[PDB]
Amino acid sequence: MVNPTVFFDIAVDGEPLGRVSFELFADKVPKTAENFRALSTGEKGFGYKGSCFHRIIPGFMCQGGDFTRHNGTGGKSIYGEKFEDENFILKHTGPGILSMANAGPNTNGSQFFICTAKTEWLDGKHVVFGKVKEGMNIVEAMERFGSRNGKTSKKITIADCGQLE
């Protein structure tokens, strides 16, 4: 009944930075929320632990989730390599929105982004499925290691992750 909560513990060149937690909107996008939850616990035998944020653009977003190729060309879902766009009920309203990255219609895998600005031009094209609950300050600290072209100045990793409650 209650929407699940997951955490990431973030590191910067291997040094601990802080924790970011997320509410997942399982009430509105159950299939998409479940994929992110299971990848965060690692319960299917694969997932986010140890992976990096490969593309960070200040004033736009932080992107990660490519645990197979580490550069934006890989990742896989708990349902197979790809799965469909579930719905577009929720919109990209401002900083803290959690949404699926993709390469065209019906190509969701594991890659995701955290908005650091309103990104309304993505509405109806990327599936919104959660939001930052605690640690937006940690996301803002991460964002400072990005650049205009998205290349990071230090390595930003998910040192640990899992489900709270």
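Sequential numbering from 1, following the sequence displayed.
*Asks:* Once you work out the mean C-alpha B-factor for both 155-163 and 1-9 from the entry, which is higher?
*Replies:* Per the PDB entry, the higher value belongs to 1-9.
*Asks:* Quick one: say whether 39-47 or 96-104 has the higher mean Cα B-factor in the deposited entry.
*Replies:* It is 39-47 that shows the higher mean C-alpha B-factor.
*Asks:* Could you check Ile56, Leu122, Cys52, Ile114 and tell me which one carries the biggest Cα B-factor in the deposited entry?
*Replies:* The C-alpha B-factor peaks, among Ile56, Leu122, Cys52, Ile114, at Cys52.
*Asks:* Select lowest, middle or highest to describe the third in which the CA B-factor of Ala33 falls within its chain in this entry.
*Replies:* It falls in the bottom third of the chain.
*Asks:* Tell me, lowest, middle or highest third: where does the Cα B factor of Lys133 rank within its chain?
*Replies:* Within its chain, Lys133 is a highest-third residue by C-alpha B-factor, going by the deposited values.
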